[PDB]
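In what follows, a single structure is set out as structure tokens and then discussed.
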Amino acid sequence: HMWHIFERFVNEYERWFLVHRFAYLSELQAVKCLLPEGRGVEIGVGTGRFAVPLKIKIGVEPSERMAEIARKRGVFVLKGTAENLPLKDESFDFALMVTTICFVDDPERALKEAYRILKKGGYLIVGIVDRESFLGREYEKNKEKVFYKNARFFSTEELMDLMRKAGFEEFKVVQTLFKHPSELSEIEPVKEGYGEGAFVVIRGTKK
Ligand code: NA
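Those letters in the sequence shown? Residues 0 to 144, 146 to 207, per the deposited numbering, in order.
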């Protein structure tokens, strides 16, 4: 269970957000571009770093240590994994996964579960570092060197294919992080598409 790593290095995980604040805000902003109205759930809500600023009230998380931090920050968190969502069929308008699908045990199953819990017309928003980006190449090359040794890296197109095979359609993509996170002194802009920025956000529709 790759997710165990986040229990084990929770303080290191949180540090990232303080050390790389502008990259974090860039990512939030990219997610915020494709976030719809209605009732959302964050799958793999971690310590609430996305749910809290995005005003997502419900989250699912397997790590008790992480869940407790999210709970203190105001998120209502159900214990569970992406592959077995403790949620009813067609009960959400959207679902969000930010740097979660890379650490699930079964990405295909996790996308099927997301499909299940969404209402007709609902949306799945997935954020990833694109394997095929300057930054993706670096993380992958240096994976054997905490979070990524057992991570699975996705290209944007690989992730879309999987989402399409889980039942999603009418994809919309945005991108950000054109500079390295260690050299940001301001928020990075968001643009449509993919191929240029390291962080990509993809929305699919359950029609
Ligand atoms: Na996550």
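Cβ coordinates follow ideal geometry from the N, Cα and C atoms, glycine included.
Contact test: residue i Cβ vs ligand 1 heavy atom, cutoff 6 Å
i    : result
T46  : no
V30  : no
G58  : no
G43  : yes
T205 : no
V74  : no
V97  : yes
Where residue i falls: helix, strand or coil (DSSP)
i           : result
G135        : helix
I55         : coil
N83         : strand
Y148        : coil
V30         : helix
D88         : coil
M96         : strand
residue 145 : Between 144 and 146, the chain has no modelled residues, and residue 145 is one of the positions in that gap.
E170        : strand
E36         : coil
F199        : strand
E107        : helix
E41         : strand
Residues sharing a beta bridge with residue i, DSSP
i    : result
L17  : In DSSP, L17 forms no bridge with anything.
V190 : Partner(s): none; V190 has no beta bridge.
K78  : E60
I116 : Its beta-bridge partners do not exist; DSSP assigns none.
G204 : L123
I68  : Looking at the DSSP assignment, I68 forms no beta bridge with any residue, so it has no partner.
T156 : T156 is not bridged to any residue.
Contact under 7 Å by Cβ, residue i with residue j
i           : j    : result
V40         : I57  : yes
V200        : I124 : no
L77         : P85  : yes
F91         : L110 : no
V97         : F49  : yes
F8          : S62  : no
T205        : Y114 : no
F93         : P52  : no
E139        : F154 : no
residue 232 : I42  : Nothing can be reported for residue 232, as the shown portion of the chain is limited to 0 through 207.
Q28         : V173 : no
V103        : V74  : no
Proximity test, residue i beta-carbon vs ligand 3 heavy atom, cut-off 6 Å
i   : result
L84 : No copy of ligand 3 occurs in the structure displayed; its ligands are ligand 1 alone.
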